[PDB]
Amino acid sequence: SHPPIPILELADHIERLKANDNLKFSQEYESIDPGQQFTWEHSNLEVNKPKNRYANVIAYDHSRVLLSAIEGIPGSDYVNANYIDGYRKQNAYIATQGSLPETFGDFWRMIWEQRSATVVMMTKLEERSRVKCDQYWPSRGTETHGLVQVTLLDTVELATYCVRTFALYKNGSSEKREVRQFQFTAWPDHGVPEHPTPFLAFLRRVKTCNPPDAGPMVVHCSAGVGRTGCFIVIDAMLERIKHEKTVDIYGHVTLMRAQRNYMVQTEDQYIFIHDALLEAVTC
């Protein structure tokens, strides 16, 4: 009852969903249901509760990213983070919350252990005088986070985003790992971008810099479900268009909801994903 949409029909499809003040859009969006039961026992452990930015945004057990256990430290395997599939890609992303002072250590250890090369930050640190994320990286020089030393190497500031490159070393190892962070800075304080154009450009830039041989790309916003979900669905759907000349946004969001609660958290985000993708096809 929700088939894929050929790219040449996308405009008409969206038109229909927009009709009568987004009537059909809102009907489609609210129908999304993975049809499964989940558990989130780890997220609810007394020791792990302070590790959640939002107590109501948890990590399903079956898809959660595990940290290796630290001997004698209960709860040491936990991070509020889940693997998310891409288009014909298994566990291609990690969707996670903006890290907390108490979890900066866990966040970098996850980066290290998961062999990730790329972090996508979908938010400013503060917007509308509210903290969306805490600064988990050094403004300059080197910073130690739990077991990992992180050194800022390079910063490129543009109008709509920044790119920071880091060097990581781990306590006990001699490896150097390189990580870049792409921070999109042009998402509005309220609602979704007026135009998809800057976001799409940001995404191309990210995709040209993620090595084909790395672990999952880390994507994060505040709770790791709204703007995170948008990044992930748009990226996957673009790869789908390249391969198949169809979109199935509905089917993919249903799939992502089986991996992490609330992925694509608002109807307006759902609509923006359609808008961004239509712009990309009419290009």
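Don't overthink the numbering: it's just position in the shown sequence, from 1.
K.L.:
Higher average CA B factor in the deposited record is what I'm after, so tell me if that's 17-25 or 262-270.
P.N.:
Stretch with the greater average CA B-factor: 17-25.
K.L.:
Between 214-222 and 241-249, which has the higher average C-alpha B-factor in the PDB entry?
P.N.:
Comparing averages over the C-alpha atoms only gives 241-249.
K.L.:
Can you tell me which of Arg115, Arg109, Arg130, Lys89 has the maximum CA B-factor listed in the PDB entry?
P.N.:
Across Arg115, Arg109, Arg130, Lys89, the entry lists the biggest C-alpha B-factor for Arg130.
K.L.:
Go through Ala159, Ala81, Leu100, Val120 one by one and give the residue whose Cα B-factor in the PDB entry is largest.
P.N.:
Result of the comparison over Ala159, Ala81, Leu100, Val120: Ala159.
K.L.:
Among the modelled residues of this chain, does the Cα B factor of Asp134 put it in the lowest, middle or highest third?
P.N.:
According to the entry, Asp134 has a C-alpha B-factor in the chain's middle third.
K.L.:
Ordered by C-alpha B-factor within the chain, which third holds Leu168? Give me lowest, middle or highest, please.
P.N.:
It belongs to the middle third of the chain when residues are ordered by C-alpha B-factor.
K.L.:
What third of the chain, by the recorded C-alpha B-factor, contains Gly105?
P.N.:
Tercile = lowest for this residue's CA B-factor.
K.L.:
Among the modelled residues of this chain, does the Cα B factor of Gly75 put it in the lowest, middle or highest third?
P.N.:
Answer is lowest: the recorded C-alpha B-factor places it there.
K.L.:
Could you say whether, by C-alpha temperature factor, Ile94 belongs to the lowest, middle or highest third of its chain?
P.N.:
Lowest third - that is where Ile94 ends up once the chain's C-alpha B-factors are sorted.
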